[PDB]
Colleague: 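Just passing along the structure, written as structure tokens.
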Amino acid sequence: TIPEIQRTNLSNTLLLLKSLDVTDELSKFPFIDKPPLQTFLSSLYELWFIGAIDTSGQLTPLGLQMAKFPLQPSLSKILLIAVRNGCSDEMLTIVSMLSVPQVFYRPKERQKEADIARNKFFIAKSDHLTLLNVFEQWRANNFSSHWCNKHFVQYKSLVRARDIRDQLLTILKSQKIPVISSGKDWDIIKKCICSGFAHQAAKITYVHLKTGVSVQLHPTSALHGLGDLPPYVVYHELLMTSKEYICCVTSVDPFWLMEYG
RNA sequence: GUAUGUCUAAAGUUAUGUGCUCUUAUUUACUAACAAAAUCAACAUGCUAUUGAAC
Ligand SMILES: [Mg+2]
């Protein structure tokens, strides 16, 4: 089989491999099976964009700080930015939920009931803030497994989210960062998203911000349907399955995109 | 407007050196000189979007 390293985004890897001081030693690093040149150069471009890397290709202190999180660099960028923006408290649990697979359960015949249960937690802005409402309601039900099942959400995913939240909180308290809450000013989170995800943006026909390729909201999204259409979009992943799908979706204002990048 | 052309049957030698029986065109169908300037009669009474393996 082709090794994972030859076929995945590598920016977590390159961040860490710069964070330990393997330099242009990284640019010539002895792997068994070297990743494609354009994969390396693209991950370098991503890190340069995020400001983890300078124009020569050398690590910034922001890079070194981000590398102490167990994270792909965007998710560390957004947490560090959430300190200065003052939403660390919400950002912790949203970044925690964004790490986790298969958060909702959607069995063969029951697509309606699974979504109906999810839609009790709906935020009109995004999937991202709907994840917050899920974790808050889960906790308000004393983290109940039976509530998880009732609402078609995977408890394994939720317990892992809380374990990640407490770990990331520990990492922030190791970096001495304050865990400030934004409260109901959820736009602060959405401004932070622009700091991490400015490449991962799209606009209604959706159409990618930089490459211009046309793309689709995944049908699980709170923003999908025979229905909703917010003009400007930021997203957690782009993925081709049956279609070229944005995996989950958040609405944005264009002014934030040139504010953060 | 159903092209048209050539050939031959000649003369023998011109004197010397009835059954049977198919058929709702089951035809090998043949000719193109003829004409070509075709559009009234259209069209239903109201527009759509959907699903990922695993760590
Ligand atoms: Mg004539």
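Keep in mind that the numbers below use all heavy atoms, side chains included, and drop hydrogens, waters and symmetry copies. Letters go in sequence order (proteins before strands), and every chain restarts at 1.
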Colleague: Ignoring hydrogens, what is the shortest heavy-atom contact between A/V83 and A/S88? Give both atom names and the distance.
Modeller: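 Between these two residues, the closest heavy atoms are CA-OG, 3.3 Å.
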
Colleague: When the distance from CD of A/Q102 to P of B/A53 is rounded to whole Å, what number comes out?
Modeller: 8 Å

Colleague: Any chance you could lay out the side chain to side chain contact (heavy atoms under 4.5 Å, CB included) test for A/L79 and A/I171, step after step, and finish with the verdict?
Modeller: CA-CA 11 Å; A/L79 272 167; A/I171 292 296; over 6 Å; no

Colleague: Once you look at the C1'-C2'-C3'-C4' sign, would you call B/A38 north or south?
Modeller: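 South, since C1'-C2'-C3'-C4' is negative for B/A38.
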
Colleague: Before giving the answer on ring-ring contact (aromatic ring centres under 6.0 Å, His included), spell out for A/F135 and A/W138 the whole-Å C-alpha distance, their side-chain angles and the decisive distance to 0.1 Å.
Modeller: CA-CA 5 Å; A/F135 191 96; A/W138 177 47; 5.3 Å; yes

Colleague: By the 4.0 Å heavy-atom rule, please label A/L217 as base, sugar-phosphate, or nothing.
Modeller: nothing

Colleague: Is it true that A/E46 and A/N9 share a donor-acceptor pair across their side chains at a distance under 3.5 Å?
Modeller: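 Their side chains do contain a donor-acceptor pair, which is all the 3.5 Å distance test asks for.
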
Colleague: Between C1' on B/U50 and CG on A/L229, what's the gap in Å once rounded to a whole number?
Modeller: 13 Å

Colleague: How far does the P atom of B/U24 sit from the matching atom of B/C20, given to the nearest Å?
Modeller: 22 Å

Colleague: Return the value, rounded to whole Å, for the distance between atom CZ of A/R160 and atom P of B/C55.
Modeller: 9 Å

Colleague: Given the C1' atoms of B/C22 and B/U26, what is the spacing between them in whole Å?
Modeller: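 After rounding to an integer number of Å, I get 9 Å for this pair.
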
Colleague: Measure NZ/A/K156 against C1'/B/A54 and give the value in whole Å, please.
Modeller: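 Computing the A/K156:NZ to B/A54:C1' distance gives 12 Å.
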
Colleague: For the pair made of CZ in A/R7 and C1' in B/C55, what is the distance, rounded to whole Å?
Modeller: 11 Å

Colleague: With respect to the side chain of A/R106, which nucleotide from B/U50, B/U51, B/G52 is positioned closest?
Modeller: B/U51

Colleague: Expressed in angstrom and rounded to an integer, what is the separation of A/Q216 atom CD from B/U51 atom P?
Modeller: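 For the pair A/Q216 CD and B/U51 P, the rounded distance is 11 Å.
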
Colleague: Using atom P of each nucleotide, how far apart are B/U2 and B/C34 to the nearest Å?
Modeller: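 Roughly 12 Å separates the two P atoms.
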
Colleague: Which is it for A/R165 and A/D89 under the salt bridge (charged side-chain N to carboxylate O under 4.0 Å, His left out) test, yes or no, and what are the steps along the way?
Modeller: CA-CA 10 Å; A/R165 184 164 205 290; A/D89 195 30; 2.7 Å; yes

Colleague: By nearest atom, which of the nucleotides B/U50, B/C55, B/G52 is closest to the A/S242 side chain?
Modeller: B/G52

Colleague: Using atom P in both nucleotides, what's the gap between B/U4 and B/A32 to the nearest angstrom?
Modeller: 14 Å

Colleague: The side chain of A/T241 is closest to which nucleotide in this list: B/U51, B/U50, B/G52?
Modeller: B/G52

Colleague: Write down the distance between CG (A/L238) and P (B/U51), rounded to a whole number of angstrom.
Modeller: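 Rounding to the nearest Å, CG of A/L238 and P of B/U51 are 17 Å apart.
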
Colleague: Between B/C30 and B/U6, how many Å separate the two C1' atoms, rounded to a whole number?
Modeller: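 Straight-line distance between the two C1' atoms is 25 Å.
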
Colleague: Would you call the sugar of B/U16 north or south from its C1'-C2'-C3'-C4' torsion?
Modeller: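 Here the sugar adopts a north pucker, which is what a positive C1'-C2'-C3'-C4' value indicates.
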
Colleague: For B/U13, tell me north or south, taking a positive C1'-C2'-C3'-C4' torsion as north and a negative one as south.
Modeller: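 It is south, as the sign of the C1'-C2'-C3'-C4' dihedral turns out negative.
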
Colleague: Output the distance between atom OH (A/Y235) and atom NE2 (A/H208), rounded to the nearest 0.5 Å.
Modeller: 4.0 Å

Colleague: NE2 of A/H218 versus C1' of B/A53: gap in Å, rounded?
Modeller: 13 Å

Colleague: Please report the distance separating the P of B/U50 from the corresponding atom of B/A54, rounded so that it comes out in whole Å.
Modeller: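 These two P atoms come out 26 Å apart once rounded.
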
Colleague: Measuring only the P atom in each nucleotide, how far is B/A37 from B/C7? A whole number of Å is fine.
Modeller: 46 Å

